[PDB]
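For the sequence shown, counting from 1, position 228 maps to 227 in the authors' numbering; every step adds exactly one.
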Amino acid sequence: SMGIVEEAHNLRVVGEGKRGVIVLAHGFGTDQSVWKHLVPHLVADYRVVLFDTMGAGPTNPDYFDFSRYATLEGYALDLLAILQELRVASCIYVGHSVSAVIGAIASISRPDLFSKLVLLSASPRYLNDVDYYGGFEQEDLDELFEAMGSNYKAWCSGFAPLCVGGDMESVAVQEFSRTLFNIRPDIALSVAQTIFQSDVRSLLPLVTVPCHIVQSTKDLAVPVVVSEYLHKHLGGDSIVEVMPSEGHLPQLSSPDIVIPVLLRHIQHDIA
Numbered sequence: 000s001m002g003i004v005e006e007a008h009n010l011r012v013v014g015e016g017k018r019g020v021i022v023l024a025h026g027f028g029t030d031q032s033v034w035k036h037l038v039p040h041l042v043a044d045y046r047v048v049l050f051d052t053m054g055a056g057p058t059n060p061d062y063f064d065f066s067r068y069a070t071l072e073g074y075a076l077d078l079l080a081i082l083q084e085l086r087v088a089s090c091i092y093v094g095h096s097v098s099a100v101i102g103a104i105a106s107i108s109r110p111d112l113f114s115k116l117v118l119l120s121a122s123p124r125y126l127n128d129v130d131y132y133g134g135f136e137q138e139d140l141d142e143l144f145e146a147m148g149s150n151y152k153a154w155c156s157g158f159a160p161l162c163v164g165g166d167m168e169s170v171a172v173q174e175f176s177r178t179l180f181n182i183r184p185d186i187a188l189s190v191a192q193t194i195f196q197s198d199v200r201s202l203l204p205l206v207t208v209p210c211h212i213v214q215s216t217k218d219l220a221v222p223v224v225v226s227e228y229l230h231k232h233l234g235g236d237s238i239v240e241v242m243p244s245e246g247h248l249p250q251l252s253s254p255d256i257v258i259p260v261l262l263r264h265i266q267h268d269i270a
């Protein structure tokens with residue numbers, strides 16, 4: 000064991016390849032299992048680090064410090080502690096949903112630790128603003144948080160199909176509904192509020208490591224224009240690939256389409 004960082008985040012390292020280190024970081028409502036279809040494609044060429052974000056279902060709620068995680072910085076500090084403990088000189092970081100922004104934030108502090116960021120289903124701001132389309136108004140958020148607080152289980156059951164998209168009887172929808180409901184309900188409401196009310200747009204000019212912006216063409220939480228926004232405001236080189244998939248966790252729900260795209264963005268560098 001690497002110690003508390005491993006135990007607290009259920010951290011695992013798999014693969015024996017020599018081309019680099021990859022760190023995979025999941026979105027709200029899921030856990031490292033979201034990467035189950037990607038990892039087999041990476042173990043020949045890479046060492047792959049998987050971990051659960053603090054507050055995720057599989058983590059000990061006693062380690063959830065509300066003051067630490069009241070901003071997204073807390074999660075970025077956790078990521079930097081993982082990379083420091085692993086003695087990583089450099090990694091390829093793939094961040095899903097909120098973990099995309101968490102990696103971007105961490106890369107501002109320590110750009111040396113990241114050769115590239117793959118930003119999957121990423122958004123710097125969910126709320127609409129003047130000349131900015133995120134996909135949500137405050138009233139939408141308020142209605143969502145009221146549903147979460149009124150019956151969390153029912154909310155999970157209704158939200159998962161919308162978020163995952165596609166056929167509501169799919170194994171992916173069922174998996175996500177269960178991982179959503181694994182989060183302790185106080186942590187879930189708090190975290191959803193923190194993430195959905197976030198706005199990191201003014202930090203994007205500080206991100207200088209190359210970014211690969213990948214998303215579904217139809218995503219509940221991420222209008223396609225957000226990818227263009229990211230591409231036009233990140234402070235370093237970037238590329239955008241909008242996939243012919245639907246859903247916010249497309250690496251889980253449509254891996255036949257999505258895993259080839261993620262593998263390409265991991266293997267090929269922008270000029």
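Note that CB positions come from ideal geometry on N, CA and C, so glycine has one too.
Rounded straight-line distance, which links the Cα of residue j to that of residue i
i           : j    : result
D141        : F65  : 20 Å
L37         : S252 : 12 Å
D44         : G94  : 19 Å
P123        : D198 : 6 Å
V129        : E136 : 12 Å
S169        : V33  : 15 Å
residue 307 : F113 : In the structure displayed, the chain extends from 0 to 270; residue 307 sits before or after that span and is not available.
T58         : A7   : 6 Å
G157        : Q83  : 39 Å
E240        : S96  : 15 Å
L202        : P110 : 14 Å
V100        : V190 : 14 Å
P204        : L78  : 21 Å
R11         : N127 : 37 Å
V208        : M1   : 28 Å
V163        : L143 : 16 Å
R18         : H267 : 12 Å
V223        : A171 : 22 Å
Selection from the options that minimises the alpha carbon distance to residue i
i           : options                : result
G246        : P209, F175, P123       : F175
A220        : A121, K115, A80        : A121
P259        : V213, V225, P222       : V213
residue 295 : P243, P249, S237       : This structure leaves residue 295 out entirely; the chain is present only between 0 and 270.
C155        : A99, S189, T178, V97   : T178
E138        : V129, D130, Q31, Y125  : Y125
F50         : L41, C90, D61, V4      : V4
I269        : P243, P249, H230, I256 : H230
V206        : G26, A69, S108         : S108
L76         : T52, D61, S89, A88     : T52
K152        : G28, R18, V12          : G28
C90         : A80, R46, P160         : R46
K115        : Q173, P249, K17, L23   : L23
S98         : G164, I194, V208       : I194
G235        : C210, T216, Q196, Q250 : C210
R183        : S106, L143, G56        : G56
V20         : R67, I186, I81         : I81
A69         : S215, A187, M167       : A187
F180        : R200, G165, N150       : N150
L85         : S106, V48, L118, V117  : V48
For residue i, three-class secondary structure by DSSP
i    : result
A24  : strand
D111 : helix
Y125 : coil
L118 : strand
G19  : strand
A270 : coil
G2   : coil
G102 : helix
Opposing strand residues paired with residue i [DSSP bridges]
i   : result
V13 : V47
Residue i CB to nearest heavy atom of the ligand SAH below 7 Å
i    : result
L248 : You won't find the ligand SAH in this model; it holds no ligand whatsoever.
Would you list, in sequence order, the uninterrupted alpha helix (DSSP H) runs of no fewer than 4 residues that lie entirely inside the stretch 60 to 100?
The stretch 60 to 100 contains these whole alpha helix (DSSP H) runs: 72 to 85.
Mind pulling the beta strand (DSSP E) runs of 3 or more residues that sit fully within the stretch 174 to 231?
With a minimum length of 3 residues, the continuous beta strand (DSSP E) runs that stay inside the stretch 174 to 231 are 210 to 217.
Quick check on the DSSP output: what are the complete beta strand (DSSP E) runs of length 3 or more inside the stretch 34 to 61, in order along the chain?
45 to 50, all fully within the stretch 34 to 61.
Which residue spans inside the stretch 236 to 261 form an unbroken alpha helix (DSSP H) run of at least 4?
List check, alpha helix (DSSP H) in window: 249 to 252.
Ignoring anything shorter than 4 residues, give me the alpha helix (DSSP H) runs that lie fully in the stretch 130 to 172, in order along the chain.
Within the stretch 130 to 172, the complete alpha helix (DSSP H) runs of at least 4 residues are 137 to 149, 151 to 163.
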